[PDB]
C-alpha cells in the first residue's frame, strides 16, 4: 500500500490505520470524539502528506491556469494562495485544489492524492505555450495544525512571524528547528489553522516538534474520522463525495471559488455561470437522522416516494449528539426543517435537514 513519510510514526501515537484509497492513513489515534473536541478547543495535528503537489512554471503558466481553473488566479500574488475547482466543459469537477503562487510565473498546485494522474493527464492535454508541469508529489510532505491554539503552538516552532499571516497567506523557506518549510494559514477543519509543507525527509522531525510544542496546549494526533465530523459542521466538500465527475462546484456549495465573470474562458464557464446566475437544480445540505440508522455515501434520498438525491458523506455530530449526513438533493427540498427519507438497507428512515455550517 501507499504510505506517507510519517507512516513509521503511527504505532507510537496509537494510529489505527485504514486503506484510504491505496494510501494507508489513520482513521483515529484515540477517539473520533476526542479528536474533534481537541481541534474545537485545543488544536489537532493531521498527517495529510497523501496529497499531491505539482509545480507549474513557464511564461504562459498564468494564462494556462486561467483556462483550467474556475477561480481568478490573477488575484494571486507571490506569498498568497487560493482555493479552486478544475472543471470539465460540462461543469463537472476534475478536482478541487489549492494554488500557491511562489513567484512570478511559478505555481504550486496541491491536489487530491486520488487524482494526481487524472489531473496530470487533464492538464498536459490542455497545455499550450511555455508551460511546464512538474510532479513533485513524492518529495513533499504536508502537516496540518487545526484549532484555537494552533497559532500559539506554531509560535514555538519557528522564529518567522507566522502570527502576521492572514488567511491564505504563506511564508516560504521558513525555519522549523533547522528545517526549511512552507507555512500557510490554511486548514480543513473550520477553525484557525495552518498547514506546513516540507521535504519528505523532514516530516517526522517536524511532527515530533509539533507534538512537543503542542503538549502544553492539549494537542493530539487526529485522523480521517475527525476530519469528516469537522467537514460536516463547516460544510466542507471532499472529492469523491461532495465533488465528483458528476457534481458541479455550484451544486457542492463552492460557487465562491467560481469567478464566472473572469474575462478568461475556462472549462465549464458557460454551465457554471448559468448555475451561479439562476441557482442550481441540486443543493448540498446537512441531514441529521430523526430515526435510528447509519447513513453512508451513496444512499438514495427520497421524498414522497420519489428520489430527490443522494447522501454524499455519512458521519456523527457530537454537537447534536446525532448521526448526520451531507447530501446532494433537489433544491426544492433543501429548506431547513424539511423531512426526507434516506434508504438504509431497503428500508426508509427519516432525516431532518439542519443548519450548516454552524
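Numbering follows the first chain given and starts at 1.
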{"query": "Mean temperature factor over C-alpha atoms, higher-scoring stretch between 75 to 83 and 176 to 184", "finding": "176 to 184"}
{"query": "Greater mean Cα temperature factor according to the PDB record, 287 to 295 or 42 to 50", "finding": "287 to 295"}
{"query": "Criterion, highest CA B-factor; candidates, 67, 306, 34, 310", "finding": "34"}
{"query": "Selection by C-alpha B-factor (highest) of 201, 242, 265, 246", "finding": "201"}
{"query": "Third assignment of residue 60 from its chain's C-alpha B-factors", "finding": "lowest"}
{"query": "Among modelled residues of the same chain, the CA temperature factor third for residue 231", "finding": "middle"}
{"query": "Within-chain third of residue 269 by Cα B-factor, per the entry", "finding": "lowest"}
{"query": "Third assignment of residue 281 from its chain's C-alpha B-factors", "finding": "middle"}
{"query": "For residue 145, the third of its chain into which the C-alpha B factor falls", "finding": "lowest"}
